[PDB]
Amino acid sequence: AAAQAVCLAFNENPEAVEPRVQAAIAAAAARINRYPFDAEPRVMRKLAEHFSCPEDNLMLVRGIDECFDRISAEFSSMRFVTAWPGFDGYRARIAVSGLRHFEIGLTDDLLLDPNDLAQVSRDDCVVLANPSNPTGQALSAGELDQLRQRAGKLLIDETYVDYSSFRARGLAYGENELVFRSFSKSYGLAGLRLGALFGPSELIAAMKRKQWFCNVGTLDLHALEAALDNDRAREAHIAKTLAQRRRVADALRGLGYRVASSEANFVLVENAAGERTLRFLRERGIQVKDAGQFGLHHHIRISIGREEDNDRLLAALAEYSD
Amino acid sequence: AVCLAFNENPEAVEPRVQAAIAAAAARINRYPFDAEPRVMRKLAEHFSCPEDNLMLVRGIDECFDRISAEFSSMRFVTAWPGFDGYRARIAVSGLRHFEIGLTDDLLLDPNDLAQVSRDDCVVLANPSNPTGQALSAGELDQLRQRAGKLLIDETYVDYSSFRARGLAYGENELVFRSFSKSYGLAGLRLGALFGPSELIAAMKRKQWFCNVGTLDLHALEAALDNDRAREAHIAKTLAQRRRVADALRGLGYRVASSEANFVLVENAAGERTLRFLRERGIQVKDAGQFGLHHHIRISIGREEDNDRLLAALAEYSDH
């Protein structure tokens with residue numbers, strides 16, 4: 001009996017990398033000396049098939065950072081509107097540019113503040129995560145309806161959509177709306193930092209023109225290609241994550257913790273004790289995320305890992321509730 | 001097909017580089033939080049400089065963009081004929097641009113070089129693509145005193161005669177090295193930028209999070225501890241370049257001197273030559289892409305690749 005270190009802090013896929021995925025990488029390793037001239041159009045077509053949309057409406061990007069930069073470079077005069085508390089990445093990219101910025105606050109329910117949401121104008125480019133990081137909340141029909149009527153441009157970052165209740169709902173993009181999907185979570189390619197941006201064909205074409213030559217190399221391309229033909233493992237990971245999220249949320253509430261509803265692969269928990277909790281869990285080799293990073297101080301974001309990982313976390317916070 | 005058109009390293013990928021990739025493949029589900037700083041230190045060791053003076057980039061495109069974003073008021077000065085990538089990046093940024101032409105000897109035009117001022121950011125490839133020419137002591141001397149900023153793109157330095165010289169960077173000078181040629185990582189499109197510590201730090205901030213993934217990082221790391229293979233490829237390329245240049249001149253072709261892994265050849269026949277080579281399964285680059293129309297840039301490949309090129313152009317030397 002040896003209880004090793006446990007990391008439930010970066011929302012990573014905790015499963016082992018599928019053998020067919022590793023083998024695709026091992027085979028591409030023998031051709032890294034050559035430009036992937038045949039592999040790049042082949043993977044673009046595979047992406048188009050996977051998301052059932054034309055190749056003219058999607059762009060392969062180096063995560064949400066490239067996505068935000070190439071979009072903002074096309075709307076550099078607009079006011080960028082993001083949620084705060086919310087994902088801190090948009091703030092980081094706004095800090096390396098000269099963009100105007102306005103932020104939408106949250107209610108005590110961790111929902112978008114209607115007063116700030118009413119200040120959205122046709123001069124604004126609204127960038128929101130759905131489900132949100134770290135609240136795990138999903139945008140309501142009314143919120144999306146209001147945004148689509150009031151915003152100039154809208155980008156919905158659907159990084160955590162694979163753990164949501166609205167997976168059936170299509171890719172929503174058009175004249176003034178774009179959507180981003182990540183391959184870092186459910187797809188298990190966090191270490192490659194890849195994503196897909198969907199939007200109107202003219203805008204996508206102008207941003208593709210500004211992308212770097214061979215932006216995604218032969219190793220990442222063969223990796224992504226294999227990850228797209230891996231639905232059996234991906235669906236098993238999603239199913240297990242939804243069940244373990246339910247277990248962890250119910251068990252923590254039974255221990256007296258105040259846990260927020262979640263549509264992603266993590267749960268937001270109230271932490272009035274502050275650093276004392278993080279220090280306690282680090283002593284027991286349990287690594288969680290301080291939601292202070294996202295403006296939600298005295299909160300912790302606990303990721304949902306494998307059953308044995310979640311067992312370790314629940315046993316430690318059961319001990320801490322005494 | 002014999003591909004002699006993209007200046008790629010034709011050798012087989014070393015087993016230790018393939019094994020490092022296979023091992024990283026089992027951890028692609030996790031962010032490379034320990035691997036990124038470790039590889040940065042490995043690069044610092046390899047190029048024998050502080051980590052504060054180097055930046056890992058997604059090739060010459062990232063390099064040009066992040067430098068130009070810091071000097072957006074300056075007039076950018078590039079060679080033409082010369083590498084066409086700088087033109088493309090200037091197009092997407094809307095920067096002021098002046099071009100230095102070439103003499104009949106394919107050297108920088110002294111008249112244009114005399115127009116260089118302290119308001120200019122000069123970006124030149126040494127050795128040059130596709131001429132294969134190297135900057136003279138006098139040219140570099142003149143650039144170092146006239147130019148406001150200077151970026152030397154040393155992508156083809158491994159095949160040159162000035163490898164001993166090393167890295168030249170300072171207050172107003174930066175140097176770029178590619179891992180696409182000699183190092184054999186063309187499909188990963190990685191490079192290193194060297195410059196003054198203050199400017200490097202201002203450009204690092206603007207880099208994307210996890211810009212270079214766990215697979216590319218572990219490949220690059222293994223590729224840096226592989227000098228035996230890299231030196232054998234350099235030696236073979238210099239010998240085969242001498243073979244190909246001498247043989248083609250003996251067949252009557254006009255071949256330019258080269259310090260790179262290719263040779264520039266006169267092609268008055270135009271497309272007829274490219275079509276002839278393609279029907280014999282051989283791909284070469286039309287130097288029209290770089291402003292040198294009715295010229296071809298032939299890459300130096302493996303002995304068997306060159307055997308086929310020389311046999312086809314020996315046959316063409318008759319027709």
# chains A, B, ... in the order shown; residues from 1 in each chain; ligands from 1
$ interface_residues --of "chain A" --to "chain B" --cutoff "6 Å" --atoms "only C-alpha atoms" --output "PyMOL selection string"
chain A and resi 13+17+22+26+29-30+32-36+65+96+188-192+212+217-218
$ write_last_selection --atoms "C-alpha atoms" --output "mmCIF file, in the first residue's frame"
data_model
loop_
_atom_site.group_PDB
_atom_site.id
_atom_site.type_symbol
_atom_site.label_atom_id
_atom_site.label_comp_id
_atom_site.auth_asym_id
_atom_site.auth_seq_id
_atom_site.Cartn_x
_atom_site.Cartn_y
_atom_site.Cartn_z
ATOM 1 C CA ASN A 13 -7.182 13.920 -19.212
ATOM 2 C CA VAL A 17 -2.438 7.660 -23.942
ATOM 3 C CA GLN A 22 1.441 6.507 -29.504
ATOM 4 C CA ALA A 26 6.390 6.679 -33.378
ATOM 5 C CA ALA A 29 9.154 10.239 -35.849
ATOM 6 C CA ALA A 30 10.983 8.588 -38.781
ATOM 7 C CA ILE A 32 10.557 14.616 -38.954
ATOM 8 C CA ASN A 33 13.401 15.614 -41.423
ATOM 9 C CA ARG A 34 10.791 16.494 -44.141
ATOM 10 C CA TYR A 35 8.136 19.202 -44.438
ATOM 11 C CA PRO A 36 4.644 17.585 -43.842
ATOM 12 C CA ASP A 65 -3.709 32.066 -27.341
ATOM 13 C CA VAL A 96 0.405 41.958 -24.838
ATOM 14 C CA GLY A 188 -5.978 14.124 -24.357
ATOM 15 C CA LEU A 189 -3.496 16.304 -26.311
ATOM 16 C CA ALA A 190 -2.858 18.960 -23.530
ATOM 17 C CA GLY A 191 0.930 18.736 -24.114
ATOM 18 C CA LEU A 192 0.518 19.672 -27.826
ATOM 19 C CA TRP A 212 3.044 30.917 -39.914
ATOM 20 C CA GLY A 217 4.537 20.113 -37.344
ATOM 21 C CA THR A 218 4.484 16.507 -38.565
#
$ residues_around --residues "region 307-312 of chain B" --least-positions-apart "2" --cutoff "8 Å" --atoms "only C-alpha atoms" --output "ChimeraX atom specification"
/B:244,247-248,277,280,282,303-305,314-316
$ write_last_selection --atoms "N, CA, C and O atoms" --output "tab-separated table (two decimals), in the first residue's frame"
chain	number	residue	atom	x	y	z
B	244	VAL	N	28.55	17.66	-57.53
B	244	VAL	CA	27.44	18.12	-58.36
B	244	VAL	C	27.84	19.39	-59.12
B	244	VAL	O	27.66	19.42	-60.35
B	247	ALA	N	30.59	18.47	-61.86
B	247	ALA	CA	29.99	17.62	-62.90
B	247	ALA	C	29.07	18.44	-63.82
B	247	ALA	O	29.18	18.29	-65.05
B	248	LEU	N	28.19	19.31	-63.24
B	248	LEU	CA	27.27	20.13	-64.03
B	248	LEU	C	28.04	21.13	-64.91
B	248	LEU	O	27.69	21.28	-66.08
B	277	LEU	N	12.79	16.98	-65.94
B	277	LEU	CA	13.22	16.39	-64.68
B	277	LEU	C	12.04	15.69	-63.99
B	277	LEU	O	12.21	14.55	-63.53
B	280	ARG	N	11.32	12.30	-65.24
B	280	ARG	CA	12.32	11.34	-64.76
B	280	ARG	C	12.27	11.21	-63.24
B	280	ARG	O	13.20	10.67	-62.65
B	282	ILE	N	12.23	13.70	-60.78
B	282	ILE	CA	13.16	14.56	-60.04
B	282	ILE	C	12.57	15.96	-59.88
B	282	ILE	O	12.21	16.58	-60.88
B	303	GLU	N	23.88	10.57	-51.95
B	303	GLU	CA	24.66	10.18	-53.11
B	303	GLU	C	23.75	9.66	-54.23
B	303	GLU	O	23.88	10.13	-55.37
B	304	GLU	N	22.81	8.72	-53.92
B	304	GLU	CA	21.88	8.13	-54.89
B	304	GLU	C	20.93	9.20	-55.51
B	304	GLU	O	20.59	9.09	-56.69
B	305	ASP	N	20.54	10.23	-54.72
B	305	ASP	CA	19.67	11.29	-55.19
B	305	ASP	C	20.39	12.10	-56.28
B	305	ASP	O	19.86	12.25	-57.39
B	314	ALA	N	22.70	15.12	-67.54
B	314	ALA	CA	23.68	14.73	-68.55
B	314	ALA	C	22.95	14.44	-69.86
B	314	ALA	O	23.35	14.92	-70.91
B	315	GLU	N	21.81	13.74	-69.76
B	315	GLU	CA	20.92	13.41	-70.88
B	315	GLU	C	20.33	14.69	-71.49
B	315	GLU	O	20.28	14.81	-72.72
B	316	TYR	N	19.89	15.64	-70.65
B	316	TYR	CA	19.30	16.92	-71.06
B	316	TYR	C	20.32	17.80	-71.79
B	316	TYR	O	19.92	18.56	-72.67
$ residues_around --residues "residue 56 (chain B)" --least-positions-apart "5" --cutoff "8 Å" --atoms "only C-alpha atoms" --output "ChimeraX atom specification"
/B:40,190-193
$ select_by_dssp --residues "region 28-204 of chain B" --states "alpha helix (DSSP H)" --output "PyMOL selection string"
chain B and resi 35-46+59-68+85-93+110-113+137-146+197-204
$ write_last_selection --atoms "N, CA and C atoms" --output "short mmCIF file (atom, residue, chain, number, x, y, z; two decimals), in the first residue's frame"
data_model
loop_
_atom_site.label_atom_id
_atom_site.label_comp_id
_atom_site.auth_asym_id
_atom_site.auth_seq_id
_atom_site.Cartn_x
_atom_site.Cartn_y
_atom_site.Cartn_z
N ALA B 35 9.60 20.00 -18.93
CA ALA B 35 10.35 19.87 -20.17
C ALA B 35 10.68 21.24 -20.84
N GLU B 36 9.75 22.26 -20.84
CA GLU B 36 10.03 23.55 -21.49
C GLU B 36 11.29 24.21 -20.85
N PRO B 37 11.39 24.45 -19.48
CA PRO B 37 12.61 25.08 -18.95
C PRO B 37 13.88 24.24 -19.13
N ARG B 38 13.75 22.91 -19.10
CA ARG B 38 14.87 21.99 -19.26
C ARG B 38 15.47 22.11 -20.68
N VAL B 39 14.63 22.18 -21.72
CA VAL B 39 15.08 22.29 -23.11
C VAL B 39 15.69 23.71 -23.32
N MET B 40 15.12 24.76 -22.67
CA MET B 40 15.67 26.12 -22.79
C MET B 40 17.12 26.15 -22.30
N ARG B 41 17.40 25.45 -21.17
CA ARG B 41 18.74 25.31 -20.58
C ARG B 41 19.64 24.48 -21.46
N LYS B 42 19.08 23.44 -22.11
CA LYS B 42 19.84 22.59 -23.04
C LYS B 42 20.31 23.40 -24.27
N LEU B 43 19.43 24.29 -24.80
CA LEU B 43 19.73 25.19 -25.91
C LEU B 43 20.85 26.15 -25.52
N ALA B 44 20.78 26.70 -24.28
CA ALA B 44 21.76 27.62 -23.70
C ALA B 44 23.14 26.97 -23.62
N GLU B 45 23.18 25.67 -23.22
CA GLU B 45 24.39 24.85 -23.18
C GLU B 45 24.97 24.64 -24.58
N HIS B 46 24.11 24.22 -25.51
CA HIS B 46 24.47 23.92 -26.87
C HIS B 46 25.11 25.13 -27.57
N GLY B 59 10.12 28.84 -36.29
CA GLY B 59 10.79 29.23 -37.53
C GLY B 59 11.02 30.72 -37.76
N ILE B 60 11.50 31.03 -38.97
CA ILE B 60 11.84 32.39 -39.37
C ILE B 60 10.55 33.29 -39.43
N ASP B 61 9.33 32.72 -39.66
CA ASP B 61 8.09 33.52 -39.67
C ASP B 61 7.83 34.12 -38.28
N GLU B 62 7.88 33.31 -37.19
CA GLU B 62 7.69 33.84 -35.84
C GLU B 62 8.78 34.85 -35.50
N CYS B 63 10.00 34.52 -35.86
CA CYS B 63 11.18 35.34 -35.62
C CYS B 63 10.99 36.75 -36.23
N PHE B 64 10.61 36.81 -37.52
CA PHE B 64 10.44 38.07 -38.23
C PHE B 64 9.31 38.89 -37.62
N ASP B 65 8.19 38.22 -37.27
CA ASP B 65 7.02 38.88 -36.69
C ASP B 65 7.32 39.50 -35.34
N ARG B 66 7.93 38.74 -34.42
CA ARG B 66 8.15 39.22 -33.06
C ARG B 66 9.23 40.35 -33.07
N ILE B 67 10.22 40.31 -34.00
CA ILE B 67 11.23 41.39 -34.12
C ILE B 67 10.57 42.66 -34.70
N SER B 68 9.83 42.50 -35.81
CA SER B 68 9.20 43.65 -36.49
C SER B 68 8.16 44.34 -35.60
N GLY B 85 10.25 34.90 -47.94
CA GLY B 85 9.51 34.87 -46.68
C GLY B 85 9.36 36.21 -46.00
N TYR B 86 10.41 37.05 -46.06
CA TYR B 86 10.40 38.38 -45.43
C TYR B 86 9.37 39.24 -46.11
N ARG B 87 9.28 39.19 -47.47
CA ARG B 87 8.25 39.91 -48.23
C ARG B 87 6.83 39.59 -47.75
N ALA B 88 6.56 38.30 -47.49
CA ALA B 88 5.27 37.78 -47.09
C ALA B 88 4.86 38.31 -45.73
N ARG B 89 5.80 38.36 -44.78
CA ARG B 89 5.56 38.85 -43.42
C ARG B 89 5.39 40.38 -43.40
N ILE B 90 6.09 41.11 -44.30
CA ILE B 90 6.00 42.57 -44.43
C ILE B 90 4.60 42.90 -44.99
N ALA B 91 4.07 42.01 -45.84
CA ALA B 91 2.75 42.15 -46.46
C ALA B 91 1.64 42.09 -45.40
N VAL B 92 1.76 41.17 -44.42
CA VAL B 92 0.73 40.98 -43.42
C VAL B 92 0.83 42.07 -42.32
N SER B 93 1.95 42.83 -42.21
CA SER B 93 2.13 43.85 -41.17
C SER B 93 2.02 45.32 -41.65
N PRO B 110 26.00 47.62 -54.34
CA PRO B 110 26.60 48.68 -53.50
C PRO B 110 25.80 49.98 -53.44
N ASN B 111 25.06 50.32 -54.53
CA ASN B 111 24.27 51.55 -54.64
C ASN B 111 23.11 51.52 -53.71
N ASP B 112 22.44 50.36 -53.61
CA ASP B 112 21.31 50.16 -52.71
C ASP B 112 21.82 50.05 -51.26
N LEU B 113 22.94 49.35 -51.05
CA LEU B 113 23.56 49.15 -49.75
C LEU B 113 24.00 50.50 -49.13
N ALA B 137 33.26 40.59 -45.58
CA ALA B 137 33.73 41.32 -44.41
C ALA B 137 33.38 42.82 -44.53
N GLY B 138 33.54 43.36 -45.75
CA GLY B 138 33.23 44.75 -46.07
C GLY B 138 31.75 45.06 -45.99
N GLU B 139 30.90 44.14 -46.50
CA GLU B 139 29.44 44.28 -46.44
C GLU B 139 28.98 44.31 -44.97
N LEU B 140 29.40 43.31 -44.16
CA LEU B 140 29.06 43.21 -42.74
C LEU B 140 29.57 44.41 -41.97
N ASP B 141 30.78 44.89 -42.31
CA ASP B 141 31.41 46.06 -41.69
C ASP B 141 30.56 47.32 -41.94
N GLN B 142 30.14 47.53 -43.19
CA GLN B 142 29.30 48.64 -43.60
C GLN B 142 27.91 48.55 -42.90
N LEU B 143 27.28 47.36 -42.89
CA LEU B 143 25.98 47.16 -42.25
C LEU B 143 26.02 47.46 -40.75
N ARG B 144 27.08 47.01 -40.06
CA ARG B 144 27.26 47.19 -38.61
C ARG B 144 27.44 48.66 -38.23
N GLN B 145 27.83 49.52 -39.17
CA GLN B 145 27.92 50.91 -38.76
C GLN B 145 26.75 51.75 -39.32
N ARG B 146 26.10 51.34 -40.42
CA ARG B 146 25.06 52.19 -41.01
C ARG B 146 23.67 51.89 -40.46
N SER B 197 19.58 40.80 -24.11
CA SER B 197 18.72 40.30 -23.04
C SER B 197 17.46 41.17 -22.83
N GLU B 198 17.53 42.51 -22.91
CA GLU B 198 16.34 43.36 -22.70
C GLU B 198 15.23 43.08 -23.77
N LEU B 199 15.59 43.11 -25.07
CA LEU B 199 14.70 42.88 -26.20
C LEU B 199 14.14 41.45 -26.21
N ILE B 200 14.99 40.42 -25.93
CA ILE B 200 14.55 39.01 -25.89
C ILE B 200 13.44 38.87 -24.87
N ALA B 201 13.59 39.52 -23.72
CA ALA B 201 12.59 39.43 -22.64
C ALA B 201 11.27 40.09 -23.03
N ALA B 202 11.34 41.22 -23.76
CA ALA B 202 10.16 41.94 -24.25
C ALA B 202 9.40 41.12 -25.33
N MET B 203 10.14 40.33 -26.13
CA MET B 203 9.51 39.47 -27.12
C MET B 203 9.00 38.15 -26.47
N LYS B 204 9.71 37.57 -25.48
CA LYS B 204 9.25 36.32 -24.83
C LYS B 204 7.86 36.49 -24.25
#
$ atom_distance --atom1 "CA of residue 159 (chain A)" --atom2 "CA of residue 69 (chain A)"
16.8 Å
$ atom_distance --atom1 "CA of residue 300 (chain B)" --atom2 "CA of residue 42 (chain A)"
28.3 Å
$ residues_around --residues "residue 272 (chain B)" --least-positions-apart "3" --cutoff "12 Å" --atoms "only C-alpha atoms" --output "PyMOL selection string"
chain B and resi 267-269+275-279+286+294+296+316+319
$ closest_residue --among "A:260, A:44, A:23, A:28" --to "residue 245 (chain A)" --atoms "only C-alpha atoms"
A:260
$ select_by_dssp --residues "region 25-237 of chain B" --states "strand (DSSP E)" --output "JSON, numbers by chain"
{"B": [54, 55, 56, 57, 75, 76, 77, 78, 79, 96, 97, 98, 99, 100, 120, 121, 122, 123, 124, 125, 149, 150, 151, 152, 153, 173, 174, 175, 176, 177, 178, 191, 192, 193, 194]}
$ write_last_selection --atoms "C-alpha atoms" --output "PDB file, in the first residue's frame"
ATOM      1  CA  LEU B  54      17.947  33.244 -26.726  1.00  0.00           C
ATOM      2  CA  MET B  55      14.294  32.610 -27.725  1.00  0.00           C
ATOM      3  CA  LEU B  56      12.797  29.314 -29.122  1.00  0.00           C
ATOM      4  CA  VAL B  57      10.565  30.167 -32.110  1.00  0.00           C
ATOM      5  CA  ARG B  75      12.065  50.880 -42.608  1.00  0.00           C
ATOM      6  CA  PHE B  76      12.654  47.187 -43.196  1.00  0.00           C
ATOM      7  CA  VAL B  77      15.465  46.405 -45.649  1.00  0.00           C
ATOM      8  CA  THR B  78      15.782  42.995 -47.349  1.00  0.00           C
ATOM      9  CA  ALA B  79      17.526  41.546 -50.443  1.00  0.00           C
ATOM     10  CA  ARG B  96       7.843  50.395 -44.676  1.00  0.00           C
ATOM     11  CA  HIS B  97      10.015  48.429 -47.060  1.00  0.00           C
ATOM     12  CA  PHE B  98      13.146  49.053 -49.203  1.00  0.00           C
ATOM     13  CA  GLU B  99      14.953  46.301 -51.143  1.00  0.00           C
ATOM     14  CA  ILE B 100      18.665  45.795 -51.954  1.00  0.00           C
ATOM     15  CA  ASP B 120      16.551  50.891 -41.137  1.00  0.00           C
ATOM     16  CA  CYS B 121      16.100  47.371 -39.734  1.00  0.00           C
ATOM     17  CA  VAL B 122      18.154  45.214 -42.098  1.00  0.00           C
ATOM     18  CA  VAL B 123      17.121  41.511 -42.416  1.00  0.00           C
ATOM     19  CA  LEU B 124      19.531  39.401 -44.554  1.00  0.00           C
ATOM     20  CA  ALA B 125      20.183  35.657 -45.004  1.00  0.00           C
ATOM     21  CA  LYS B 149      19.069  47.175 -36.347  1.00  0.00           C
ATOM     22  CA  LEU B 150      20.470  44.066 -38.057  1.00  0.00           C
ATOM     23  CA  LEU B 151      19.043  40.528 -38.205  1.00  0.00           C
ATOM     24  CA  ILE B 152      21.287  37.876 -39.837  1.00  0.00           C
ATOM     25  CA  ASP B 153      19.340  34.742 -40.781  1.00  0.00           C
ATOM     26  CA  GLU B 173      22.307  42.989 -33.824  1.00  0.00           C
ATOM     27  CA  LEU B 174      20.395  39.673 -33.679  1.00  0.00           C
ATOM     28  CA  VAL B 175      21.048  36.266 -35.264  1.00  0.00           C
ATOM     29  CA  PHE B 176      18.629  33.430 -36.202  1.00  0.00           C
ATOM     30  CA  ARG B 177      19.521  29.694 -36.418  1.00  0.00           C
ATOM     31  CA  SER B 178      17.217  27.021 -37.930  1.00  0.00           C
ATOM     32  CA  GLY B 191      14.487  27.954 -34.704  1.00  0.00           C
ATOM     33  CA  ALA B 192      16.516  29.919 -32.131  1.00  0.00           C
ATOM     34  CA  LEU B 193      16.799  33.725 -32.032  1.00  0.00           C
ATOM     35  CA  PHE B 194      19.785  35.348 -30.287  1.00  0.00           C
TER      36      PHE B 194
END
$ residues_around --residues "residue 281 (chain A)" --least-positions-apart "5" --cutoff "10 Å" --atoms "only C-alpha atoms" --output "PyMOL selection string"
chain A and resi 6+275-276+286-288+313+316-317+320
$ write_last_selection --atoms "C-alpha atoms" --output "compact mmCIF listing (two decimals), in the first residue's frame"
# COMPACT_ATOMS: atom_id res chain seq x y z
CA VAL A 6 -2.10 13.25 -7.06
CA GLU A 275 -3.99 28.87 1.90
CA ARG A 276 -4.40 26.62 5.05
CA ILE A 286 -2.79 16.34 -3.36
CA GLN A 287 -2.47 19.27 -5.80
CA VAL A 288 -5.65 21.37 -6.47
CA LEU A 313 -8.90 13.73 -2.56
CA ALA A 316 -8.04 14.06 2.60
CA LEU A 317 -10.97 16.56 2.62
CA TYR A 320 -9.92 18.23 6.86
$ residues_around --residues "region 265-274 of chain A" --least-positions-apart "2" --cutoff "7 Å" --atoms "only C-alpha atoms" --output "MDAnalysis selection string"
chainID A and resid 11 134:136 163 241 245 257:260 262 276:277 298:304
$ write_last_selection --atoms "N, CA, C and O atoms" --output "compact mmCIF listing (two decimals), in the first residue's frame"
# COMPACT_ATOMS: atom_id res chain seq x y z
N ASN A 11 -6.89 20.27 -15.05
CA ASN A 11 -7.99 19.76 -15.87
C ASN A 11 -7.47 18.86 -17.01
O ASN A 11 -8.05 18.85 -18.10
N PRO A 134 -13.38 29.21 -14.00
CA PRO A 134 -13.48 28.00 -13.17
C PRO A 134 -14.85 27.71 -12.53
O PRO A 134 -14.92 26.84 -11.65
N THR A 135 -15.93 28.42 -12.95
CA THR A 135 -17.25 28.29 -12.31
C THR A 135 -17.97 27.02 -12.73
O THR A 135 -18.77 26.48 -11.96
N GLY A 136 -17.68 26.55 -13.93
CA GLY A 136 -18.31 25.37 -14.50
C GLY A 136 -19.73 25.63 -14.95
O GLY A 136 -20.47 24.70 -15.25
N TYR A 163 -17.87 17.77 -21.63
CA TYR A 163 -18.37 17.34 -20.34
C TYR A 163 -19.74 17.98 -20.04
O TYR A 163 -20.24 17.86 -18.91
N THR A 241 -15.85 10.63 -16.36
CA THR A 241 -15.70 11.96 -15.78
C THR A 241 -17.07 12.47 -15.25
O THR A 241 -17.09 12.97 -14.13
N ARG A 245 -17.58 13.15 -11.36
CA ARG A 245 -17.97 14.53 -11.01
C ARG A 245 -19.20 14.51 -10.07
O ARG A 245 -19.25 15.23 -9.07
N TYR A 257 -18.97 20.71 2.58
CA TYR A 257 -18.39 21.67 1.64
C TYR A 257 -19.48 22.27 0.73
O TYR A 257 -20.51 21.63 0.49
N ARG A 258 -19.25 23.51 0.27
CA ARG A 258 -20.19 24.18 -0.64
C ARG A 258 -19.59 24.09 -2.03
O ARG A 258 -18.56 24.70 -2.33
N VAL A 259 -20.19 23.23 -2.83
CA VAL A 259 -19.76 22.90 -4.19
C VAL A 259 -20.72 23.52 -5.17
O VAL A 259 -21.94 23.46 -4.96
N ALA A 260 -20.20 24.11 -6.24
CA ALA A 260 -20.99 24.69 -7.32
C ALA A 260 -21.30 23.64 -8.39
O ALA A 260 -20.48 22.75 -8.63
N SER A 262 -21.48 22.04 -12.08
CA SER A 262 -20.47 22.11 -13.12
C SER A 262 -20.89 21.38 -14.35
O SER A 262 -21.50 20.30 -14.25
N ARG A 276 -4.42 27.71 4.06
CA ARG A 276 -4.40 26.62 5.05
C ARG A 276 -4.84 25.28 4.42
O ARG A 276 -4.25 24.25 4.72
N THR A 277 -5.85 25.32 3.53
CA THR A 277 -6.40 24.14 2.86
C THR A 277 -5.39 23.60 1.85
O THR A 277 -5.16 22.39 1.82
N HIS A 298 -10.48 32.55 -2.24
CA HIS A 298 -11.13 31.76 -1.20
C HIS A 298 -12.14 30.77 -1.84
O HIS A 298 -13.25 30.54 -1.33
N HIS A 299 -11.68 30.16 -2.94
CA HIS A 299 -12.31 29.10 -3.72
C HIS A 299 -11.22 28.19 -4.26
O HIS A 299 -10.10 28.67 -4.49
N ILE A 300 -11.52 26.92 -4.47
CA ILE A 300 -10.57 25.99 -5.07
C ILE A 300 -11.28 25.28 -6.22
O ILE A 300 -12.47 25.00 -6.15
N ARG A 301 -10.55 25.03 -7.30
CA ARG A 301 -11.04 24.31 -8.46
C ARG A 301 -10.40 22.94 -8.43
O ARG A 301 -9.18 22.82 -8.57
N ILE A 302 -11.20 21.92 -8.15
CA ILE A 302 -10.74 20.53 -8.06
C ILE A 302 -11.05 19.81 -9.37
O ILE A 302 -12.23 19.70 -9.74
N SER A 303 -10.03 19.30 -10.06
CA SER A 303 -10.27 18.53 -11.29
C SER A 303 -10.79 17.12 -10.95
O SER A 303 -10.62 16.65 -9.81
N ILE A 304 -11.47 16.48 -11.91
CA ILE A 304 -11.98 15.12 -11.73
C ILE A 304 -11.02 14.19 -12.48
O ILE A 304 -10.93 14.27 -13.72
$ residues_around --residues "residue 293 (chain A)" --least-positions-apart "3" --cutoff "10 Å" --atoms "only C-alpha atoms" --output "ChimeraX atom specification"
/A:85-88,134,289-290,296-297,299-300
